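Quick notes on the structure that follows.
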Amino acid sequence: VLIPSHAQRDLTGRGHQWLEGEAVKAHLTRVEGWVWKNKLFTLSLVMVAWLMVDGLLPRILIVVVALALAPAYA
Amino acid sequence: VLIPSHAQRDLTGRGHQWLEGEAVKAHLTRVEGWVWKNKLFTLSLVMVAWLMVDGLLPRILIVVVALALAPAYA
Amino acid sequence: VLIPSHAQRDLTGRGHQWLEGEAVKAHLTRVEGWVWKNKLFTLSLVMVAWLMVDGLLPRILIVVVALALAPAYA
Amino acid sequence: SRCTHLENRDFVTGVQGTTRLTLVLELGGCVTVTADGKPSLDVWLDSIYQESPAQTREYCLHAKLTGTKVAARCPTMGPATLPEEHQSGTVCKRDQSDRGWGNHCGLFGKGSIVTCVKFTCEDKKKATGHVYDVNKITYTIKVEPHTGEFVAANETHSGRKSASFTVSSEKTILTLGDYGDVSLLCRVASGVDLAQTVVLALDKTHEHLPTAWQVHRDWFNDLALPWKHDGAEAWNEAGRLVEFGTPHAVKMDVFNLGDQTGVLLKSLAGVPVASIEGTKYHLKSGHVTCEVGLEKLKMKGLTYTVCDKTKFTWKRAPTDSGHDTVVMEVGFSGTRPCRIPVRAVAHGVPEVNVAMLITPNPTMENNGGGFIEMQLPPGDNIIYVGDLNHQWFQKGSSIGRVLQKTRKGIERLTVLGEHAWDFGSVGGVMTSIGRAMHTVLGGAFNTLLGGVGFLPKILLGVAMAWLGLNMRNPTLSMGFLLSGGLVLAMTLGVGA
Amino acid sequence: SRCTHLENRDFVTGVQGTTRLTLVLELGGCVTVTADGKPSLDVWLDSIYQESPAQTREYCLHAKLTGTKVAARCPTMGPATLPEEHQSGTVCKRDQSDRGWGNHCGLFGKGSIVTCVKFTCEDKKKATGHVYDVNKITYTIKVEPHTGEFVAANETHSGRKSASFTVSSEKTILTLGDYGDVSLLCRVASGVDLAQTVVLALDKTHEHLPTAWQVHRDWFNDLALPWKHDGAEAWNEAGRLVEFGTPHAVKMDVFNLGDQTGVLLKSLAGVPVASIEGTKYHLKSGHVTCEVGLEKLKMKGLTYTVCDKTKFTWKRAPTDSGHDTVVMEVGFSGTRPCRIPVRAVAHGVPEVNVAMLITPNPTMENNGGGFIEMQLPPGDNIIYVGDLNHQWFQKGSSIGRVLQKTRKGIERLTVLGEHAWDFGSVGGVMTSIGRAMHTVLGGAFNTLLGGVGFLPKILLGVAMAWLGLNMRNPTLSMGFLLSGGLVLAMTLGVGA
Amino acid sequence: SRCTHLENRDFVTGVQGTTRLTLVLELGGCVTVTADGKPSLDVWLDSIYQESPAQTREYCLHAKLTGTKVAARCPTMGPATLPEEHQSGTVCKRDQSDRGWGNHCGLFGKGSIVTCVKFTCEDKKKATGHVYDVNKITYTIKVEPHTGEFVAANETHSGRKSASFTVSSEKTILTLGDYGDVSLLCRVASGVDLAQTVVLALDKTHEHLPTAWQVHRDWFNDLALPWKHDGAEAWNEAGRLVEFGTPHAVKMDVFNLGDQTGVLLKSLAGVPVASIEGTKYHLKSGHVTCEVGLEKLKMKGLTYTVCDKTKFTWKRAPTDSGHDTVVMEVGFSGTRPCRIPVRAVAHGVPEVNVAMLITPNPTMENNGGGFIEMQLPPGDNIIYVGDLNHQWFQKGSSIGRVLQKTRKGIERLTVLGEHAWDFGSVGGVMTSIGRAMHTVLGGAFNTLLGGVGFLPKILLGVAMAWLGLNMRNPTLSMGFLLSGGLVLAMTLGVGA
């Protein structure tokens, strides 16, 4: 069984809300907190991307999506 | 007054030492503790060296020195 | 545990003060003390700078900065 | 006068019909106030205080320990525990330790050990923070006219007048007897910022220490020692001031890091002193902005007769005041009251008077009088009082006075800061320009570099100037040179 | 075997028939000695001590002040004086104060003022240095044979023997009972360096501090505090802990910089502890090079019969020692004086005995016995004791065994320095090469860089490497690159 | 037989020039052993268990909250405190509530609020970990001869023997009655890795729930729920199951996060079951590597006469076992004991008997007998028993038979791991090569990537291969293609 959650646009007024009813604050604090768990995972992915991608602009930019997804798998 | 800190080499041995001291095994944690409070601190030190300095070896050593000195700047 | 040095643009206000701060005129005594206490080493910084640095102005500035910084880390 | 008794003076003068002057009084300073054809005043700030201020953090400078306990478990039988891990005023630590058959164990390996101790501050070793309330600060400002009497620093003068100011006092009117009334208006919101301030108090019993210190608000909250607020019996963070050794198989040692007082007293550096008198807490460094109204002053003795020129005597001969003025005192044996004839002559032209008297219309009264203060041109002079005469030589030169006044100005600016433009102010446009420029440049340096240490600021200023010498564009090179020069002016230009 | 009760241990093997071994005994460590066909002996260093050592400098950590005085003279009156200015036991300071008619001077300007205070240390706040005498230092070394009994870490093993050594002696023979005689030679040269160590004592009576610290000799003379030698009535340099306020007109304040104890206790971070017990002053660090001669030891009980294979039982199951050996204890009920026929077999091969017994010829006896220690090859094994068997697995690998011995070699080499080459009597040419090279290369770094801080050493090593990359001559480039690498090795080997 | 009744059956074969065979008994499997001349045996592992295993961490799955307390303070009047902040078993939180003039404060702005609540696990809502002790595991192995009587998996067979093995057990001998003796030995130390396993239990009184689970040890320590060991009243991290609402001016509400039991049961997807019998704890997965030695086995009834051919009948007609063999039972009406003549003829080849009997020399005896099992070549066959006959067709072909054996071989390998190479005592050199290669590759993959999820394992393998196709060097391209493809070959077997 599953009972998946919902967000963003059931948005109530300025009243009280249930525990931690947020997504961006949670994802940012999760992403910045995860870095301590394993340096070699992101460092080796960064090193491979820095060697494999041609042109500095895409070489810098492409990594952001992978790091935004990373804590969903670790 | 200004009593200095005792040197770390002299009277080395297997007995109890009084307190943990201040070798690199301690100092590396002090550098990370400065950085994770002052989150932007390394950004300019890495970026300006990467833009301004020719040769990877002297560039990397300049960045390493600029970060190793960090908690003495204030 | 450490207590940080207070010294800054304080609540100055022109009255009587506790013992005055170790500004440049005092700091030079710490340099002279280290030059006397560490005497046998002191030739090395001067000799290396005299071999390595072209132009007397930058050579002198590098020696002056090195000797001014040394007693803050030694 | 009190201006005669103090290491520092400044002079203000109003042109005829000027009703108001603006002053920026500093504690331990004084101002000599004048206007054309009106009597002169001494004005000074006398105290800045509160009764029973509010408490904040208490800190412990020296720990006392009692009743320590230890327990341990073999490598199999889980973590060790003690009842005292769950009680007030305890410090506890837990770690692995080496174990084997020699210690009566079951198996060889890492066990676990736990330790507990009771914590308390040594009986007098507390440090207390106090903070002022803007609703209860009292500022005291006092005034005396130049009556022509003289009174020592350890004597009380009957002509001295006193006033006190809070959030709840208007434009005050003070009466000076025959001289009429003077009007005075404080702005208590312009004083030393309470949000930057705390007062630090140690044990008051020490014969050979200051009783309090004017510590900065942020620094006092970043202190690492054990702490509490008032009325609580327990200490927060008590594990800051004790540490535990490497364990043995069946025991572990607790050590006390000792009295921290010497670390605190060295760490305070250049901080201003404060003092305590029973229930009263005084600052001893700070300033107030105020308006003085020359509205209702009377020149005393304009109706009095002039003295017989012949009956004068010197009571105290002419001397250099050290403030570039001449002071003297005369005794007179004729009928009283009477008005003193005074002039000074350039030694070569007897027709011209050069005595700038700072006490207009001087007199002898029944009870006392006959003090005079004056200013003269440089070089030789003859000074006359009745038919008495004396020969004098005023030191220095006209260039010396503008240099000495310029020095006093710069020294005031580097202590009052942006408020220094209000002293003796007039509606000329430059008063807006100077205050705006100091608001902008002061705001820039305090927000960009305010927390950076003195030698680090010099190293940053040298590095920024050196980037100005090395970089490839001539306009940006000059901008880096100028901005590096500002950081050096805010350090080596403050003192070297 | 005390070596089972301790977490640092080492094993030495005499090569076939060799009479002598060289041991670098290291304080709180232990060594187990073995040779072909001879009993195994444990050797360790128990104490380094002296009674009533020589007493050097004393320092004051907390000044106590009495009898303050001040005197001042009017401007141009000529300088002030007080009887105390010439005396011992007092601090005096002289300065200028501003004066004028408001405080009873004749002329305005700079006067002169002098102040005096008497100085003492508070009754228990001393710090005292002590130094060892080469003519009086005593070393205690202890020996026990592997009797096959087991005795707790808090029980008196009757098989243990002790020898005391001083520079007035060198050699001793210890009787081991049934096992014959063992020979030991010590030298007080190549001990801990008495010329570079000082023992520092605070108040001995505090319940929560170490009694003493093993400070370096240069340190205890580079300090800046009030100081004296024994018996003197007045302190040198008392101006180090008293400081004075800027003068008022006719007063100066005297201030006490307070108890320095916490500043000293912070500054000694990394120094090893020492202890004082009665009249004795023990160190708890050090090493001694000793020679052990194994000519006259005897194997006990080679003549006895073997046990009845049916009558054995386990008293402790086979268990891992943490030193990569297996230990066990057995109980028996036959006629007591007989040999135990121990063996072990590797899985997948015939019964070639793989058990290297470290205790040779194990027996029961009428008084006890029945403890065994052995080493086994990696993987699946079975151990047999008559009709008893137990299966076993031994951890790790043949490569891991070499790496583990390599680490302990590196630990000894860095902790003991040049003496580490003297371990093991197989004095082949590489041992003399190592002894010479370590004397030269270690002497260079310890004399040129020795006192410099850990970070600035690393920064210098980096700088010499950085410059070495930039030199145009290849010989000078390689020399600078090597020198940077050497400074980094000389530091980072001690960095963790 | 048991080997007729379970679907995981396998057959081990050889010649008596080797008398030792290596078996890998898997719990819930069965194995048949056969050789030249010696009788066939059924062999299996029936239970792995301990009595009263070691207890470890207990976790709380449903909080009970009680006795909550709240306090608050005015904006400047210090932070609040409660006695309950310094007691056992209590959860506390502290926050900056809003206050204002209408809520009885003297000022606007932030105040302080503090709240406490007492905590316990609800009765019977515990979860408990248990761990096996290596010196106390019991493994039970059973043997029975292929008697030729038949008994269902319901009654108890009289010919069956049972032996228990522990770390202290030998080469045991089992007396198989008339059939002589068999020899049996176990690598007890090298079965299931007890460094990996925890047994997890909820309360015993539930109906549908499994009794226990075989959870992994590292997973059992990362559970974010409140915990303790036995005998303690306090719970560590009790704040895991409670959270507090954003404050009102003088109230803050505790929220119970509720019974977590469903989240635990939904987390243990794909983890094997375990069961409990008063004090025994049984696993229901895992294996032992073991030797059978056939040395002392005996045939029975070889001296008996052959049956008189007319007196037979079918009792259970020839039928397919589901495991290649065919099975049958006969009833006989002549004198006893006697030998049953059995043969099978391939169609068109009458000169050769093709029956491979799985039971040698079948005999009737006075109490029972008459079950037979055989293997036949594929296609048309005729089976004879005395003068009775039955016609048969045997399914499949030689290529399909090799594929069927190959499938079972891959199913052994993919669940036993590196131990799979012990099955059958094959001396061929390639076994050592396969054993080494699998041990190296499995160790590399498990230590580099072992804990990574199925999708990220695929994504990593695909990404490295796709980068390999994009590389600008052919050797690096091949290295990325190989390293990407190997991960997929090691992982694609899971599902969708």
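Count begins at 1; order follows the chain as displayed.
A Cβ is built for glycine as well, from the same backbone N, Cα and C atoms used for every other residue.
Sequence annotations record features per position, and here Swiss-Prot assigns topological domain 'Extracellular' to D:1-447. According to Swiss-Prot, the feature disulfide bond maps to D:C3-D:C30, D:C60-D:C116, D:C60-D:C121, D:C74-D:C105, D:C92-D:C121, D:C92-D:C116, D:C186-D:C290, D:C307-D:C338. What Swiss-Prot lists as region 'Fusion peptide' is D:98-111, and the listing cites similarity to another entry. Residues or ranges marked as N-linked glycosylation site in Swiss-Prot: D:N154. Taken from Swiss-Prot, the feature transmembrane segment covers D:448-468, D:476-496, and the record attributes it to sequence analysis. The topological domain 'Cytoplasmic' annotation in Swiss-Prot covers D:469-475.
Taking the features listed in Swiss-Prot, we show where each one sits on the structure.
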residue : record                      : DSSP (3 states)
D:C3    : disulfide bond              : helix
D:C30   : disulfide bond              : coil
D:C74   : disulfide bond              : coil
D:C105  : disulfide bond              : coil
D:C116  : disulfide bond              : strand
D:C121  : disulfide bond              : strand
D:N154  : N-linked glycosylation site : coil
D:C186  : disulfide bond              : strand
D:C307  : disulfide bond              : coil
D:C338  : disulfide bond              : strand
Can you name the far-off residues of the same chain, 6+ from the ends of the transmembrane segment (D:448-468), with a Cβ under 8 Å from a Cβ of it?
-> 477-488, 490-492
Cβ under 8 Å to the region 'Fusion peptide' (D:98-111), counting only same-chain residues 6 or more beyond its ends: which ones?
-> 72-76, 249-250
Hey, how far is D:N154 (N-linked glycosylation site) from D:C3 (disulfide bond), Cα to Cα, in Å?
-> 15
Count up the helix, strand and coil residues in the topological domain 'Cytoplasmic' (D:469-475) according to DSSP, in that order.
-> 4 helix, 0 strand, 3 coil
Cα-Cα distance linking D:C290 (disulfide bond) and D:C74 (disulfide bond), given in Å to the nearest integer = 76
Distance from D:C116 (disulfide bond) back to D:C186 (disulfide bond), taken between C-alpha atoms, in Å = 58
Could you state the CA-to-CA distance between D:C338 (disulfide bond) and D:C3 (disulfide bond) to the nearest Å?
-> 26
When a 10 Å sphere is centred on the Cβ of D:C74 (disulfide bond), how many other Cβ atoms does it contain?
-> 19
Neighbours of D:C121 (disulfide bond) among the disulfide-bonded residues D:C3, D:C30, D:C92, D:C105, D:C290, D:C307 (Cα to Cα, within 10 Å) | none
Restricting the comparison to the disulfide-bonded residues D:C3, D:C30, D:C60, D:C105, D:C307, which residue's C-alpha is spatially nearest the C-alpha of D:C92 (disulfide bond)?
-> D:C60
What is the nearest of the disulfide-bonded residues D:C60, D:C105, D:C116, D:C290, D:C307 to D:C3 (disulfide bond), using the Cα of each?
-> D:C290
Using a Cβ cut-off of under 8 Å, list the residues of the same chain at least 6 residues beyond the topological domain 'Cytoplasmic' (D:469-475) that approach it.
-> 481
Looking at the disulfide-bonded residues D:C30, D:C60, D:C105, D:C116, D:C307, which has the shortest Cα distance to D:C290 (disulfide bond)?
-> D:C30
So D:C60 (disulfide bond), by the Cβ count within 10 Å over all chains shown, scores 23
Rounded to an integer, what is the Cα-Cα distance in Å between D:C30 (disulfide bond) and D:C307 (disulfide bond)?
-> 33
If you measure between the CA atoms of D:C307 (disulfide bond) and D:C105 (disulfide bond) and round to the nearest Å, you get 112
In sequence order, which residues at least six apart in the same chain have a CB under 8 Å from the CB of D:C105 (disulfide bond)?
-> D:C74, D:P75, D:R99, D:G111
Number of Cβ atoms other than its own within 10 Å, given for D:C186 (disulfide bond) = 22
Should one count Cβ atoms within 10 Å of each candidate's Cβ, the disulfide-bonded residues D:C3, D:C30, D:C121, D:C338 would be headed by D:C3
